[PDB]
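The structure appears below as C-alpha cells.
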Amino acid sequence: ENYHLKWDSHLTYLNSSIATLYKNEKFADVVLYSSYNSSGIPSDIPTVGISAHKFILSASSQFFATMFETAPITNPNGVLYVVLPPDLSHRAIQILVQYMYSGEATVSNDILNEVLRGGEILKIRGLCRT
Amino acid sequence: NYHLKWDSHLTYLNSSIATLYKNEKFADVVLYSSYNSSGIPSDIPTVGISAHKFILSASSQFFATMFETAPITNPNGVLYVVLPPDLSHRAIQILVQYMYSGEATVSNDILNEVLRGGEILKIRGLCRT
Amino acid sequence: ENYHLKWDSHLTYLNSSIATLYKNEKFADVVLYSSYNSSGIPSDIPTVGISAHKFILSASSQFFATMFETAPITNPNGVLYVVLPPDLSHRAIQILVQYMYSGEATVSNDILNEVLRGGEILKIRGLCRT
Amino acid sequence: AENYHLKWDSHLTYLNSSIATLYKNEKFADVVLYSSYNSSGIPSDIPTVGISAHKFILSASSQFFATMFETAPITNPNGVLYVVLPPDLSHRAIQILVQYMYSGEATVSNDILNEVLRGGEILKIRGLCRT
Amino acid sequence: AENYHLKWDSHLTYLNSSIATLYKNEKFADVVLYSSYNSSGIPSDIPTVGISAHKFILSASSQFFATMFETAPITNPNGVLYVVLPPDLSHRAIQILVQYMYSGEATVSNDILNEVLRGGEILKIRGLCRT
Amino acid sequence: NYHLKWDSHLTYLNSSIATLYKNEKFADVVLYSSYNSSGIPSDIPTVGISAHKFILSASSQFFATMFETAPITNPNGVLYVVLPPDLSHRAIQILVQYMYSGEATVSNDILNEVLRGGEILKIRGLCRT
C-alpha cells in the first residue's frame, strides 16, 4: 500500500552544500568573537566577528549544545553573539569553526597546541578527551 | 604544520540533521499550503510546518532562489512561505522529510501528489533533473 | 447619571484613512514577496515585496488570519515577511492587496484570470469560491 | 485593452466589524498607553496598567497621537512604543477613549464625562475636539 | 575550612562614579525617552531628539517606570524600548529629570524649575514626588 | 538659576542594585563556565549565569574593554560570554556577588579560584594593578 522514495546521493549533496556555509556564510545566526586581547585594546576595536550556524555548533560541540538548549532564550529568530575564552586566538577560532564545518582542517605548527586546548574546553567531537 | 581530522564527521552530522527534522530546533521557515482545507468547511488549513533555511536551500532549487531573491534584511523575522496549491499538508510534510533524510516512505494514494510536488519545487532526487 | 456618546462621521473618516494606509505605508508590518520566477530567475536583484498590514489582511483573507494568529514559530514584534506562491506575480499581488484595502481594484482583463485564481488561493473575502 | 472594477459590496461593513474587535483584543497591538491614575484626587502611579492599542487607529482617529507616532519615529522593527498620557486622564477615561477611536461609540458615567470630554479636547480626537 | 570575607570599602564609590559616567557616555542604554509635542509638526524639525537612558536607573529612582517595566501587556526581549512622556515636559526638562535620576543632583533655571518639579511629581521620582 | 539635591540617592540606588544580583531583570550578558577541562566527567555542568553589562564594565577592566570591543552590530541580539577554563560556576558566582555587592565570603578551598579569577578577570580589589 506504499511506495518508497529512496535517494542514494542525499548525504553527498548535503556534504558539499554544508561545506560552503563555511565560506558563503548564508543563513548564519551565531557570531563568534575572539578575546585574545593581544597587544592592547585599540588595534581591533571593531573586532572581526566569525560567522557560524547554531546547528553545526550544537552538533559538533557539547559545550555549544548544552548552551543552546538550557541557556536563557531571548531572541529565537535573531542572531546570537558569543565571545570565546581569552586563551583562544582569532586564527584558532577560525580553524575550529572550519574543523566543525568540514571535519578536516590544517593548522600551523604554532597553533596546534592551542587548538587542541580550545577543542577540549569546547568539547568538540574529535578533540575531547571524553 | 599539521593536518587535523577525525574518523567520522559525516556519521554524527547526518545523525544530527536526521533528528533536526523532528526536534524542530533552530527553525527559520514556516510552510503553509493553499490546498483545500477539507474543501467547503474551511476547518483545517495547514497551520504551518517549521523548517530550516539551509536545508531547503541546499536540496531545492526553488527554495534556494526564493531565499536568494526574497531577502529578510531586518534584524529579526521568520519567513512564512506559502506554497502553491499543489501541496496538501501531507505532501508538504513528506517532502520536508525527504529534504532532510534523503528518504520518504509514501502511501500509494498520494504518489501522484508527491511525485508532482517534488518537481514543482525542484527537489533534487525527486525532480527529473 | 449614565451617559452616551457617539461620533456620526466616524466610519467615513476611518475607512478613508484606511484606504490611504497602504499608499503612505505608515505602520506597515508585513512584506509580501512575490516568487513569480518569470521564465527562470537567475537569483537576480530582490523582487521588492509589497508592504501590507496584518489587521486588514486577517480581516479580509481567511487564510492570512490563520497564518498570523497561530504560526508555530513567529516574529514577536515588527515587520514580518511572507512570500507567495509562484502563481502570483508582483503586479497581481499588488492589485490583490489594494482590493483588500479599498474593496475595489480596476484589474486588467489580461491578468484577470491570475487575480481570480489568487483569491481562492488566499481565500480572500469577496473573491473566495468556498 | 479592457479593464474591470473587481469590487465587493460588503467590504466596508465587514472591515469595520473586524476592526471593532481589536481594542477588546490584544491582537496586533503596537502601542501601550499609561497615565497618572487620578484615582483619588491624588494620582496613584504605582498600580498603573498599560492599555494595548494600535497605531493605525490612533493616528487616524486623533491628531495628537498622529503627530506623536509621526515625530517619535520607529527606529527599529523590534521597538515597542509606550505612551505616558497626560496626568489629567484617568485610566478609565483612557480605557473609554481607547474604545471611542475604535467603536465610534461610548457610554460613560456622568462623574467622568467632564474629564473624558476634556481628554477628547486634549488628544484632539475626532468629534470630541474642535478644529 | 575557612569562610574568608572579601571587601574593599571604596567599591560603592567606584560603582556610583561609573553610574555617573554612564549618564553621559550612554553605553549599554536600552530605553529611549521622547517628549510629546505638536511643536515638531512643521518642516523645520519633525524628528524629536530621542534621549537615551537605562532601564535599571529609571526603576531605581522612579516607581512609575518601575511598574512600567515590572508588568506591561507586551514587551521586547532585547531591543531598545521607546517611551514618550506627556506634553508637559519639554526636551530640556526631560533631560534634567534624567540627570537627576542618574546622579541625584541637577541645576535648573527658574523658567525650567516649575516644569521639572511637575514632571518629576508625575513620574513618581524619588526625592521629587511627595508621596 | 537653581540646584536640585537628593541626599538619599546612593543609599536608595545601592539597595536597588544589590537586588539585581538575584534576578534577571534588565540582564544583558550571560556568563558560562568552561571548567570541565578540570577533569569533570559531566558533559556540561553549567547553565549560563545572568549578569548586567554596565555593572561588569564598572568593576572589571577585562569586561569593560570587552563589552566595548564586542560590537553587537545587531540591535536585537544578546551576548553569551564563555569565561576562561580556570573559572568554575561556583567561583564565578562568588566573583559576581563581589562585583555586584562589593562583599563576598569565600570558602578556603575556592579561595585560590576566586582570587585567581580576580587577576584573570582584572576585577578591582582582587587584581594587582
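Just remember, in the C-alpha cells the first chain shown is A, the second B, etc., residues are 1-based per chain, and ligands are 1-based in the order shown.
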
### Query
Residues of chain C within 8 Å of chain B, using only C-alpha atoms, as number ranges by chain?
C: 33, 35, 41-49, 63, 66-67, 70-75, 79-87, 121-122, 130

Go through chain B and collect every residue that DSSP, computed from the backbone, puts in helix (DSSP H, G or I); the answer should be as a PDB file with N, CA and C atoms, in the first residue's frame.
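Output contents, as saved in out.pdb:
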```pdb
ATOM      1  N   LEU B  10      30.812  12.785   9.100  1.00  0.00           N
ATOM      2  CA  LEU B  10      29.534  12.715   8.412  1.00  0.00           C
ATOM      3  C   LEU B  10      28.540  11.837   9.147  1.00  0.00           C
ATOM      4  N   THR B  11      28.989  10.791   9.839  1.00  0.00           N
ATOM      5  CA  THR B  11      28.025   9.965  10.556  1.00  0.00           C
ATOM      6  C   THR B  11      27.320  10.768  11.644  1.00  0.00           C
ATOM      7  N   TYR B  12      28.078  11.501  12.462  1.00  0.00           N
ATOM      8  CA  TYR B  12      27.456  12.295  13.512  1.00  0.00           C
ATOM      9  C   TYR B  12      26.642  13.437  12.926  1.00  0.00           C
ATOM     10  N   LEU B  13      27.149  14.076  11.871  1.00  0.00           N
ATOM     11  CA  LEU B  13      26.413  15.183  11.271  1.00  0.00           C
ATOM     12  C   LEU B  13      25.103  14.711  10.659  1.00  0.00           C
ATOM     13  N   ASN B  14      25.129  13.576   9.962  1.00  0.00           N
ATOM     14  CA  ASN B  14      23.909  13.015   9.405  1.00  0.00           C
ATOM     15  C   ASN B  14      22.934  12.639  10.506  1.00  0.00           C
ATOM     16  N   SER B  15      23.436  12.068  11.601  1.00  0.00           N
ATOM     17  CA  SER B  15      22.547  11.743  12.707  1.00  0.00           C
ATOM     18  C   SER B  15      21.917  13.001  13.283  1.00  0.00           C
ATOM     19  N   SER B  16      22.692  14.082  13.388  1.00  0.00           N
ATOM     20  CA  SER B  16      22.155  15.319  13.941  1.00  0.00           C
ATOM     21  C   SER B  16      21.100  15.916  13.028  1.00  0.00           C
ATOM     22  N   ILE B  17      21.396  16.001  11.733  1.00  0.00           N
ATOM     23  CA  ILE B  17      20.423  16.557  10.806  1.00  0.00           C
ATOM     24  C   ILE B  17      19.193  15.671  10.739  1.00  0.00           C
ATOM     25  N   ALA B  18      19.354  14.369  10.976  1.00  0.00           N
ATOM     26  CA  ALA B  18      18.196  13.488  10.995  1.00  0.00           C
ATOM     27  C   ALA B  18      17.203  13.915  12.066  1.00  0.00           C
ATOM     28  N   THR B  19      17.673  14.101  13.300  1.00  0.00           N
ATOM     29  CA  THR B  19      16.758  14.494  14.365  1.00  0.00           C
ATOM     30  C   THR B  19      16.256  15.910  14.167  1.00  0.00           C
ATOM     31  N   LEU B  20      17.042  16.752  13.499  1.00  0.00           N
ATOM     32  CA  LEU B  20      16.632  18.135  13.303  1.00  0.00           C
ATOM     33  C   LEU B  20      15.284  18.210  12.606  1.00  0.00           C
ATOM     34  N   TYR B  21      14.933  17.167  11.857  1.00  0.00           N
ATOM     35  CA  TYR B  21      13.623  17.100  11.224  1.00  0.00           C
ATOM     36  C   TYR B  21      12.492  17.119  12.243  1.00  0.00           C
ATOM     37  N   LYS B  22      12.685  16.484  13.393  1.00  0.00           N
ATOM     38  CA  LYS B  22      11.606  16.270  14.345  1.00  0.00           C
ATOM     39  C   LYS B  22      11.767  17.035  15.645  1.00  0.00           C
ATOM     40  N   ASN B  23      12.991  17.337  16.068  1.00  0.00           N
ATOM     41  CA  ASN B  23      13.167  18.217  17.212  1.00  0.00           C
ATOM     42  C   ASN B  23      12.838  19.659  16.866  1.00  0.00           C
ATOM     43  N   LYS B  53      16.308  27.012   6.897  1.00  0.00           N
ATOM     44  CA  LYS B  53      16.659  27.675   5.646  1.00  0.00           C
ATOM     45  C   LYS B  53      17.704  26.889   4.869  1.00  0.00           C
ATOM     46  N   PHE B  54      18.777  26.473   5.540  1.00  0.00           N
ATOM     47  CA  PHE B  54      19.918  25.909   4.828  1.00  0.00           C
ATOM     48  C   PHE B  54      19.598  24.572   4.180  1.00  0.00           C
ATOM     49  N   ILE B  55      18.638  23.823   4.712  1.00  0.00           N
ATOM     50  CA  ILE B  55      18.313  22.538   4.104  1.00  0.00           C
ATOM     51  C   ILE B  55      17.478  22.743   2.851  1.00  0.00           C
ATOM     52  N   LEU B  56      16.333  23.409   2.989  1.00  0.00           N
ATOM     53  CA  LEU B  56      15.508  23.678   1.820  1.00  0.00           C
ATOM     54  C   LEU B  56      16.306  24.413   0.752  1.00  0.00           C
ATOM     55  N   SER B  57      17.254  25.251   1.165  1.00  0.00           N
ATOM     56  CA  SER B  57      18.112  25.917   0.194  1.00  0.00           C
ATOM     57  C   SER B  57      19.053  24.933  -0.483  1.00  0.00           C
ATOM     58  N   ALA B  58      19.596  23.976   0.268  1.00  0.00           N
ATOM     59  CA  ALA B  58      20.564  23.050  -0.307  1.00  0.00           C
ATOM     60  C   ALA B  58      19.902  22.069  -1.262  1.00  0.00           C
ATOM     61  N   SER B  59      18.731  21.554  -0.898  1.00  0.00           N
ATOM     62  CA  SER B  59      18.131  20.438  -1.612  1.00  0.00           C
ATOM     63  C   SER B  59      16.971  20.829  -2.514  1.00  0.00           C
ATOM     64  N   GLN B  61      16.078  23.724  -5.584  1.00  0.00           N
ATOM     65  CA  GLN B  61      16.451  24.887  -6.378  1.00  0.00           C
ATOM     66  C   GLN B  61      15.364  25.952  -6.384  1.00  0.00           C
ATOM     67  N   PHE B  62      14.107  25.574  -6.156  1.00  0.00           N
ATOM     68  CA  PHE B  62      13.059  26.573  -5.986  1.00  0.00           C
ATOM     69  C   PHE B  62      13.266  27.356  -4.701  1.00  0.00           C
ATOM     70  N   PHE B  63      13.445  26.645  -3.585  1.00  0.00           N
ATOM     71  CA  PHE B  63      13.592  27.320  -2.302  1.00  0.00           C
ATOM     72  C   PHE B  63      14.878  28.127  -2.247  1.00  0.00           C
ATOM     73  N   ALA B  64      15.950  27.624  -2.856  1.00  0.00           N
ATOM     74  CA  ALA B  64      17.202  28.367  -2.850  1.00  0.00           C
ATOM     75  C   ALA B  64      17.011  29.737  -3.476  1.00  0.00           C
ATOM     76  N   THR B  65      16.450  29.775  -4.682  1.00  0.00           N
ATOM     77  CA  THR B  65      16.243  31.050  -5.353  1.00  0.00           C
ATOM     78  C   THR B  65      15.194  31.885  -4.633  1.00  0.00           C
ATOM     79  N   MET B  66      14.241  31.242  -3.962  1.00  0.00           N
ATOM     80  CA  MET B  66      13.302  32.006  -3.148  1.00  0.00           C
ATOM     81  C   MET B  66      14.039  32.760  -2.056  1.00  0.00           C
ATOM     82  N   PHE B  67      14.885  32.058  -1.308  1.00  0.00           N
ATOM     83  CA  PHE B  67      15.620  32.687  -0.221  1.00  0.00           C
ATOM     84  C   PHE B  67      16.677  33.660  -0.726  1.00  0.00           C
ATOM     85  N   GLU B  68      17.087  33.547  -1.992  1.00  0.00           N
ATOM     86  CA  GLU B  68      18.051  34.498  -2.541  1.00  0.00           C
ATOM     87  C   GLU B  68      17.375  35.755  -3.078  1.00  0.00           C
ATOM     88  N   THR B  69      16.210  35.610  -3.708  1.00  0.00           N
ATOM     89  CA  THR B  69      15.505  36.742  -4.299  1.00  0.00           C
ATOM     90  C   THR B  69      14.604  37.471  -3.309  1.00  0.00           C
ATOM     91  N   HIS B  89      -1.152  19.190   2.904  1.00  0.00           N
ATOM     92  CA  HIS B  89      -0.317  19.236   4.097  1.00  0.00           C
ATOM     93  C   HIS B  89       0.462  17.942   4.267  1.00  0.00           C
ATOM     94  N   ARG B  90      -0.147  16.810   3.911  1.00  0.00           N
ATOM     95  CA  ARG B  90       0.594  15.555   3.902  1.00  0.00           C
ATOM     96  C   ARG B  90       1.771  15.636   2.947  1.00  0.00           C
ATOM     97  N   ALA B  91       1.554  16.195   1.761  1.00  0.00           N
ATOM     98  CA  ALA B  91       2.633  16.267   0.788  1.00  0.00           C
ATOM     99  C   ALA B  91       3.764  17.147   1.295  1.00  0.00           C
ATOM    100  N   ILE B  92       3.438  18.289   1.899  1.00  0.00           N
ATOM    101  CA  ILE B  92       4.485  19.182   2.387  1.00  0.00           C
ATOM    102  C   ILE B  92       5.327  18.481   3.442  1.00  0.00           C
ATOM    103  N   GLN B  93       4.678  17.828   4.404  1.00  0.00           N
ATOM    104  CA  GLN B  93       5.437  17.191   5.471  1.00  0.00           C
ATOM    105  C   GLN B  93       6.324  16.078   4.932  1.00  0.00           C
ATOM    106  N   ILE B  94       5.829  15.301   3.972  1.00  0.00           N
ATOM    107  CA  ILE B  94       6.641  14.233   3.403  1.00  0.00           C
ATOM    108  C   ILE B  94       7.816  14.813   2.631  1.00  0.00           C
ATOM    109  N   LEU B  95       7.577  15.859   1.842  1.00  0.00           N
ATOM    110  CA  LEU B  95       8.659  16.463   1.077  1.00  0.00           C
ATOM    111  C   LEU B  95       9.712  17.077   1.983  1.00  0.00           C
ATOM    112  N   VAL B  96       9.306  17.641   3.116  1.00  0.00           N
ATOM    113  CA  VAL B  96      10.288  18.135   4.075  1.00  0.00           C
ATOM    114  C   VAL B  96      11.039  16.975   4.713  1.00  0.00           C
ATOM    115  N   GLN B  97      10.344  15.875   4.993  1.00  0.00           N
ATOM    116  CA  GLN B  97      11.026  14.664   5.442  1.00  0.00           C
ATOM    117  C   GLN B  97      12.093  14.248   4.442  1.00  0.00           C
ATOM    118  N   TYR B  98      11.781  14.358   3.157  1.00  0.00           N
ATOM    119  CA  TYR B  98      12.702  13.937   2.110  1.00  0.00           C
ATOM    120  C   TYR B  98      13.885  14.883   1.997  1.00  0.00           C
ATOM    121  N   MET B  99      13.641  16.185   2.110  1.00  0.00           N
ATOM    122  CA  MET B  99      14.736  17.139   2.026  1.00  0.00           C
ATOM    123  C   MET B  99      15.677  17.015   3.212  1.00  0.00           C
ATOM    124  N   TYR B 100      15.215  16.427   4.311  1.00  0.00           N
ATOM    125  CA  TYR B 100      16.070  16.227   5.472  1.00  0.00           C
ATOM    126  C   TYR B 100      16.804  14.896   5.420  1.00  0.00           C
ATOM    127  N   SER B 101      16.071  13.792   5.347  1.00  0.00           N
ATOM    128  CA  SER B 101      16.662  12.474   5.492  1.00  0.00           C
ATOM    129  C   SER B 101      16.891  11.760   4.170  1.00  0.00           C
ATOM    130  N   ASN B 108       0.420   4.887  -1.381  1.00  0.00           N
ATOM    131  CA  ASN B 108       0.133   4.819  -2.809  1.00  0.00           C
ATOM    132  C   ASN B 108      -0.781   5.952  -3.256  1.00  0.00           C
ATOM    133  N   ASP B 109      -1.727   6.357  -2.410  1.00  0.00           N
ATOM    134  CA  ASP B 109      -2.754   7.290  -2.857  1.00  0.00           C
ATOM    135  C   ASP B 109      -2.186   8.672  -3.149  1.00  0.00           C
ATOM    136  N   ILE B 110      -1.118   9.070  -2.461  1.00  0.00           N
ATOM    137  CA  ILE B 110      -0.533  10.393  -2.642  1.00  0.00           C
ATOM    138  C   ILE B 110       0.659  10.374  -3.573  1.00  0.00           C
ATOM    139  N   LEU B 111       0.968   9.235  -4.190  1.00  0.00           N
ATOM    140  CA  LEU B 111       2.142   9.179  -5.050  1.00  0.00           C
ATOM    141  C   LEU B 111       2.072  10.245  -6.132  1.00  0.00           C
ATOM    142  N   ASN B 112       0.925  10.368  -6.794  1.00  0.00           N
ATOM    143  CA  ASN B 112       0.804  11.350  -7.861  1.00  0.00           C
ATOM    144  C   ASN B 112       0.794  12.778  -7.339  1.00  0.00           C
ATOM    145  N   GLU B 113       0.621  12.971  -6.031  1.00  0.00           N
ATOM    146  CA  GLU B 113       0.739  14.303  -5.455  1.00  0.00           C
ATOM    147  C   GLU B 113       2.182  14.618  -5.090  1.00  0.00           C
ATOM    148  N   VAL B 114       2.878  13.669  -4.471  1.00  0.00           N
ATOM    149  CA  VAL B 114       4.252  13.911  -4.045  1.00  0.00           C
ATOM    150  C   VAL B 114       5.200  13.941  -5.237  1.00  0.00           C
ATOM    151  N   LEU B 115       5.093  12.957  -6.131  1.00  0.00           N
ATOM    152  CA  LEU B 115       5.932  12.969  -7.321  1.00  0.00           C
ATOM    153  C   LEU B 115       5.729  14.249  -8.110  1.00  0.00           C
ATOM    154  N   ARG B 116       4.523  14.810  -8.063  1.00  0.00           N
ATOM    155  CA  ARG B 116       4.286  16.110  -8.673  1.00  0.00           C
ATOM    156  C   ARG B 116       5.023  17.201  -7.910  1.00  0.00           C
ATOM    157  N   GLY B 117       4.742  17.315  -6.614  1.00  0.00           N
ATOM    158  CA  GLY B 117       5.284  18.419  -5.843  1.00  0.00           C
ATOM    159  C   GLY B 117       6.795  18.478  -5.894  1.00  0.00           C
ATOM    160  N   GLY B 118       7.445  17.318  -5.894  1.00  0.00           N
ATOM    161  CA  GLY B 118       8.895  17.305  -5.920  1.00  0.00           C
ATOM    162  C   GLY B 118       9.454  17.984  -7.150  1.00  0.00           C
ATOM    163  N   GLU B 119       8.798  17.804  -8.293  1.00  0.00           N
ATOM    164  CA  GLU B 119       9.212  18.508  -9.497  1.00  0.00           C
ATOM    165  C   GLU B 119       8.779  19.968  -9.448  1.00  0.00           C
ATOM    166  N   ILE B 120       7.585  20.239  -8.915  1.00  0.00           N
ATOM    167  CA  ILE B 120       7.122  21.621  -8.813  1.00  0.00           C
ATOM    168  C   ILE B 120       8.161  22.462  -8.085  1.00  0.00           C
TER     169      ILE B 120
END
```

### Task
Within 10 Å of chain F, which residues of chain D are there when counting only C-alpha atoms? Please give them as a PyMOL selection string.
chain D and resi 76-79

Keeping only C-alpha atoms, write the selected residues as a PDB file, in the first residue's frame.
```pdb
ATOM      1  CA  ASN D  76      13.771  49.540  14.966  1.00  0.00           C
ATOM      2  CA  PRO D  77      11.228  46.924  13.862  1.00  0.00           C
ATOM      3  CA  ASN D  78      11.559  45.340  17.319  1.00  0.00           C
ATOM      4  CA  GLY D  79      10.846  48.643  19.086  1.00  0.00           C
TER       5      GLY D  79
END
```

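Here atom CA of residue 34 of chain D stands at a distance of 13.3 Å from atom CA of residue 124 of chain E.
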
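Atom pair atom CA of residue 37 of chain E / atom CA of residue 68 of chain D: separated by 7.1 Å.
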
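Taking atom CA of residue 112 of chain A as the reference point, atom CA of residue 91 of chain A is found at 10.8 Å.
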
### Test item: residues at most 10 Å from segment 7-9 of chain B, only C-alpha atoms, excluding those fewer than 3 positions along its chain, as a ChimeraX atom specification
/A:59-60,99-104,125-126 /B:12-14

### Query
Counting only C-alpha atoms, which residues from chain C have an atom at most 12 Å from any atom of chain E, and could you show them as a VMD selection string?
chain C and resid 75 to 78

### Task
Return as a PyMOL selection string the full set of residues in chain D whose backbone-based DSSP assignment is strand (DSSP E or B).
chain D and resi 3+6-7+31-34+51-53+62+81-84+105-106+109+125

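Computed after superposing chain E on chain D, the C-alpha RMSD over all in-order atom pairs is 2.9 Å.
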
### Task
Write down, as a ChimeraX atom specification, each residue of chain D that has any atom within 8 Å of an atom of chain E, counting only C-alpha atoms.
/D:32,36,45-52,64,67-68,70-73,76,78-87

Write a file of the just-selected residues containing N, CA and C atoms, as a PDB file, in the first residue's frame.
```pdb
ATOM      1  N   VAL D  32       1.332  50.946  23.695  1.00  0.00           N
ATOM      2  CA  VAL D  32       0.812  50.723  25.038  1.00  0.00           C
ATOM      3  C   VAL D  32       0.663  52.069  25.727  1.00  0.00           C
ATOM      4  N   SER D  36      -0.958  58.830  34.760  1.00  0.00           N
ATOM      5  CA  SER D  36      -1.059  59.061  36.199  1.00  0.00           C
ATOM      6  C   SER D  36      -2.525  58.928  36.597  1.00  0.00           C
ATOM      7  N   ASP D  45       0.372  56.280  41.010  1.00  0.00           N
ATOM      8  CA  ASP D  45       1.166  55.938  39.836  1.00  0.00           C
ATOM      9  C   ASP D  45       1.724  54.523  39.884  1.00  0.00           C
ATOM     10  N   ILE D  46       1.864  53.949  41.077  1.00  0.00           N
ATOM     11  CA  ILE D  46       2.404  52.595  41.190  1.00  0.00           C
ATOM     12  C   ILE D  46       1.534  51.571  40.472  1.00  0.00           C
ATOM     13  N   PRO D  47       0.209  51.555  40.643  1.00  0.00           N
ATOM     14  CA  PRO D  47      -0.591  50.450  40.097  1.00  0.00           C
ATOM     15  C   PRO D  47      -0.990  50.613  38.636  1.00  0.00           C
ATOM     16  N   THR D  48      -0.360  51.535  37.907  1.00  0.00           N
ATOM     17  CA  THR D  48      -0.772  51.807  36.533  1.00  0.00           C
ATOM     18  C   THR D  48      -0.681  50.545  35.682  1.00  0.00           C
ATOM     19  N   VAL D  49      -1.652  50.364  34.791  1.00  0.00           N
ATOM     20  CA  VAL D  49      -1.693  49.223  33.883  1.00  0.00           C
ATOM     21  C   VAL D  49      -1.706  49.740  32.455  1.00  0.00           C
ATOM     22  N   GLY D  50      -0.813  49.206  31.629  1.00  0.00           N
ATOM     23  CA  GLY D  50      -0.759  49.627  30.246  1.00  0.00           C
ATOM     24  C   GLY D  50      -1.993  49.175  29.486  1.00  0.00           C
ATOM     25  N   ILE D  51      -2.391  49.978  28.508  1.00  0.00           N
ATOM     26  CA  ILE D  51      -3.527  49.672  27.651  1.00  0.00           C
ATOM     27  C   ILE D  51      -3.004  49.473  26.236  1.00  0.00           C
ATOM     28  N   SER D  52      -3.108  48.252  25.728  1.00  0.00           N
ATOM     29  CA  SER D  52      -2.678  47.989  24.366  1.00  0.00           C
ATOM     30  C   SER D  52      -3.578  48.724  23.382  1.00  0.00           C
ATOM     31  N   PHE D  64      -3.457  64.330  18.061  1.00  0.00           N
ATOM     32  CA  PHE D  64      -2.332  64.307  18.987  1.00  0.00           C
ATOM     33  C   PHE D  64      -1.514  63.038  18.803  1.00  0.00           C
ATOM     34  N   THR D  67       0.603  62.962  15.328  1.00  0.00           N
ATOM     35  CA  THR D  67       1.889  63.640  15.351  1.00  0.00           C
ATOM     36  C   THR D  67       2.830  63.002  16.362  1.00  0.00           C
ATOM     37  N   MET D  68       2.292  62.380  17.413  1.00  0.00           N
ATOM     38  CA  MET D  68       3.154  61.639  18.330  1.00  0.00           C
ATOM     39  C   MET D  68       3.897  60.540  17.586  1.00  0.00           C
ATOM     40  N   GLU D  70       4.220  60.065  14.528  1.00  0.00           N
ATOM     41  CA  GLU D  70       4.994  60.585  13.409  1.00  0.00           C
ATOM     42  C   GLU D  70       6.344  61.113  13.870  1.00  0.00           C
ATOM     43  N   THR D  71       6.347  61.945  14.909  1.00  0.00           N
ATOM     44  CA  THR D  71       7.547  62.641  15.344  1.00  0.00           C
ATOM     45  C   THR D  71       8.290  61.903  16.447  1.00  0.00           C
ATOM     46  N   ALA D  72       7.781  60.762  16.887  1.00  0.00           N
ATOM     47  CA  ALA D  72       8.557  59.829  17.687  1.00  0.00           C
ATOM     48  C   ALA D  72       8.831  58.620  16.802  1.00  0.00           C
ATOM     49  N   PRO D  73       9.862  58.674  15.965  1.00  0.00           N
ATOM     50  CA  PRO D  73       9.998  57.678  14.897  1.00  0.00           C
ATOM     51  C   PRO D  73      10.351  56.296  15.415  1.00  0.00           C
ATOM     52  N   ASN D  76      13.509  50.970  15.016  1.00  0.00           N
ATOM     53  CA  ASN D  76      13.771  49.540  14.966  1.00  0.00           C
ATOM     54  C   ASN D  76      12.461  48.791  14.764  1.00  0.00           C
ATOM     55  N   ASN D  78      11.821  45.953  16.022  1.00  0.00           N
ATOM     56  CA  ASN D  78      11.559  45.340  17.319  1.00  0.00           C
ATOM     57  C   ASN D  78      11.175  46.353  18.390  1.00  0.00           C
ATOM     58  N   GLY D  79      11.222  47.648  18.093  1.00  0.00           N
ATOM     59  CA  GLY D  79      10.846  48.643  19.086  1.00  0.00           C
ATOM     60  C   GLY D  79       9.346  48.643  19.326  1.00  0.00           C
ATOM     61  N   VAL D  80       8.957  48.655  20.600  1.00  0.00           N
ATOM     62  CA  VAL D  80       7.562  48.782  21.013  1.00  0.00           C
ATOM     63  C   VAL D  80       7.411  50.111  21.737  1.00  0.00           C
ATOM     64  N   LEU D  81       6.411  50.891  21.341  1.00  0.00           N
ATOM     65  CA  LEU D  81       6.249  52.257  21.822  1.00  0.00           C
ATOM     66  C   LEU D  81       5.258  52.291  22.976  1.00  0.00           C
ATOM     67  N   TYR D  82       5.677  52.881  24.091  1.00  0.00           N
ATOM     68  CA  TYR D  82       4.815  53.148  25.230  1.00  0.00           C
ATOM     69  C   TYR D  82       4.527  54.641  25.283  1.00  0.00           C
ATOM     70  N   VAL D  83       3.291  55.003  25.598  1.00  0.00           N
ATOM     71  CA  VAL D  83       2.884  56.400  25.671  1.00  0.00           C
ATOM     72  C   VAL D  83       2.409  56.690  27.085  1.00  0.00           C
ATOM     73  N   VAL D  84       3.024  57.684  27.718  1.00  0.00           N
ATOM     74  CA  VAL D  84       2.597  58.165  29.026  1.00  0.00           C
ATOM     75  C   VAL D  84       1.670  59.347  28.777  1.00  0.00           C
ATOM     76  N   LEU D  85       0.375  59.106  28.878  1.00  0.00           N
ATOM     77  CA  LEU D  85      -0.602  60.128  28.572  1.00  0.00           C
ATOM     78  C   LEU D  85      -0.682  61.146  29.701  1.00  0.00           C
ATOM     79  N   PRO D  86      -1.191  62.337  29.412  1.00  0.00           N
ATOM     80  CA  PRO D  86      -1.220  63.401  30.410  1.00  0.00           C
ATOM     81  C   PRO D  86      -1.781  62.913  31.731  1.00  0.00           C
ATOM     82  N   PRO D  87      -1.441  63.581  32.834  1.00  0.00           N
ATOM     83  CA  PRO D  87      -1.961  63.157  34.139  1.00  0.00           C
ATOM     84  C   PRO D  87      -3.438  63.443  34.334  1.00  0.00           C
TER      85      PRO D  87
END
```
